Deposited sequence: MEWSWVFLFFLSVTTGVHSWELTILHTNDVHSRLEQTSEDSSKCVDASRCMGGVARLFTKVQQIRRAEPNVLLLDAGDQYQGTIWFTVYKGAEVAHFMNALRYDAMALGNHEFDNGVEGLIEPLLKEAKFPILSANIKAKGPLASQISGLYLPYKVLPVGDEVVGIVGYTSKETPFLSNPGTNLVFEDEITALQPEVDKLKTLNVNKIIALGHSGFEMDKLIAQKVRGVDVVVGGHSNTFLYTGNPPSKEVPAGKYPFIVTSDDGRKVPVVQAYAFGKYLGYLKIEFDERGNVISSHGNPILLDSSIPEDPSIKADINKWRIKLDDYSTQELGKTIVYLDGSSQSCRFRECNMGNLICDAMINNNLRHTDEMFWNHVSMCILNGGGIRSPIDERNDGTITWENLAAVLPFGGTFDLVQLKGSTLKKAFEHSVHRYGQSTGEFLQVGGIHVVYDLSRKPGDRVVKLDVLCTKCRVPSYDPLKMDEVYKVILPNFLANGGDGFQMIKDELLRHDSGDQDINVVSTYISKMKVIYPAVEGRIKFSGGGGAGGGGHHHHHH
């Protein structure tokens, strides 16, 4: 018995087709993804194969002006039009609190929404009961397939789930659910969740009875053969994990932003044992036509959003590189721009720090340089604030050591800077990688760069996320000796662009490698 798993993850409000970098579609002929193109490819596989499952591994919420305006009603609507079979809860599903998950998605979806490790407590327990499930048994032709859900335990440190939700360890919470399915004679079991590739592999290893792991969160790209685009594979597709009980468990993910549609074909026997598995993510490029019916509906919903592109806030003559392969690895000019908007809005305060992972999209300069509220909404979607903090030289030094402590894994904590010249030597031990740290003086008439002093105290502009110890920056949370709340992150960057009129941020050497 053959099963075709079609899967998406970390779509992040990219309901419309995008450029290859996942920012707004400028050159339509080379545009990718979007739900209309996705609907065409799904329909094609559904005609060709009898046993198909369309699954989402979370983080449909947050990313573009679609979520800013419709707040998830678009997620429920277009995921229903595409006829998704199940969806696991992601951390961005809690960005608008539990209320913002319950009303526009949980109550509106025509498919089960899953998470076995999210437990409700207090006054919320009665309210959210039944709206999401730990598992769902789905009929697939003449057979039955069990789907178990999970969500990152990191969700309270990344989102706004509130005080009445407990995030248990995935493996601990999944084993009694899979055991329960085995007792009901459900011999075909999919773990569908949002915890990242490292967790996906451990679930595949330790959770007895799991046949396949369909994951997300870490935007992992997997491929067998020669990849079709810019994305570099982190492993073969599917990634094989040998479970503690000796089974070959396929582990899958399909990058992010709806650029690819994951496609895994599984061969099961009568007892639900995985005989074989093969496939690859399918690049949703312009070679696949967008569905005309879906595009017509997308275009109807577009009318309300056209108000966030009406006004040209300013222009860029440079590509604004806000991509994760740049901003989580090195100095990126989008990071320089935002840190310059931060320092300018507060002018003394000479220094700025900014987690690269907080930068959610690039902006393309080819559309006559035009920067709109919509272009900016994709770069900064969280609605955070840029705060003023006072830090010891030693604290700021520990933050920069933390910035590169696990360098190479595309992690969010890598800092973008303003009024700071940092030099890292990656060849050294984590916690001893900063080889130079020069800072811009405030207590001077002519601002110039001087070596940071451990026994000195500096005023840093940073997002509230970092001021509250986000991205594992516990030293900032624990050691800050002053914290003032500032202006809204999007309004800070918008006013600066308006004042500058024409912008051209460069990669200047604020961050260097030895």
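Give me the ranges of the deposited sequence that have no CA atoms here, in sequence order.
Counting from residue 1, the stretches without coordinates are 1-19, 367-375, 543-557.
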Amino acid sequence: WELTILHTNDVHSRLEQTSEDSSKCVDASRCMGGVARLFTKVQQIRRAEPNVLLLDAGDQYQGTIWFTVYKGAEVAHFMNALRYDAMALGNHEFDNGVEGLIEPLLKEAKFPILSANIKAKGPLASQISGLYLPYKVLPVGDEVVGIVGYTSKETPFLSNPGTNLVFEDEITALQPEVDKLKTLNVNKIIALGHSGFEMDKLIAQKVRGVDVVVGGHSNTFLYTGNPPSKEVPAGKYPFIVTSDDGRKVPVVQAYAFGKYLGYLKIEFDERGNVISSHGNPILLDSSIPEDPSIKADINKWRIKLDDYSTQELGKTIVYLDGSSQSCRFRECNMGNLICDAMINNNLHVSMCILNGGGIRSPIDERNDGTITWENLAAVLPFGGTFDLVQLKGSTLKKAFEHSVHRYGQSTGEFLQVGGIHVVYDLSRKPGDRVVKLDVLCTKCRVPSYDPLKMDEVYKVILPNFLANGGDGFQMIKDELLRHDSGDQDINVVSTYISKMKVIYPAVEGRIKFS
From here on, numbers count along this sequence of modelled residues.
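Comparing 387-395 with 78-86, which stretch shows the greater average C-alpha B-factor in the deposited entry?
On average, C-alpha B-factors are higher across 387-395.
Take the C-alpha B-factors listed in the entry for 65-73 and for 478-486, compute each mean, and give the stretch with the larger one.
Per the deposited B-factors, the answer is 478-486.
Looking at 356, 431, 250, 196, which has the biggest Cα B factor in the entry?
Answer, based on the entry's C-alpha B-factors: 431.
Hey, out of 190, 207, 98, 332, whose CA B-factor is highest in the deposited coordinates?
Highest C-alpha B-factor among the listed options: 98.
When the deposited Cα B-factors of this chain's modelled residues are ordered and cut into thirds, is residue 500 in the lowest, the middle or the highest one?
Within its chain, residue 500 is a highest-third residue by C-alpha B-factor, going by the deposited values.
CA B-factor placement of residue 103, once the chain's modelled residues are sorted into thirds:
For residue 103, whose C-alpha B-factor we compare with every modelled residue in the chain, the answer is the highest third.
Ranked against its chain, the third holding the CA B-factor of residue 414
Within its chain, residue 414 is a lowest-third residue by C-alpha B-factor, going by the deposited values.
Would you please rank residue 231 by its C-alpha temperature factor against the other modelled residues of its chain and give the third it falls in: lowest, middle or highest?
It falls in the middle third of the chain.
State the tercile, meaning the lowest, middle or highest third, of residue 336 with respect to the CA B-factors recorded for its chain.
According to the entry, residue 336 has a C-alpha B-factor in the chain's lowest third.
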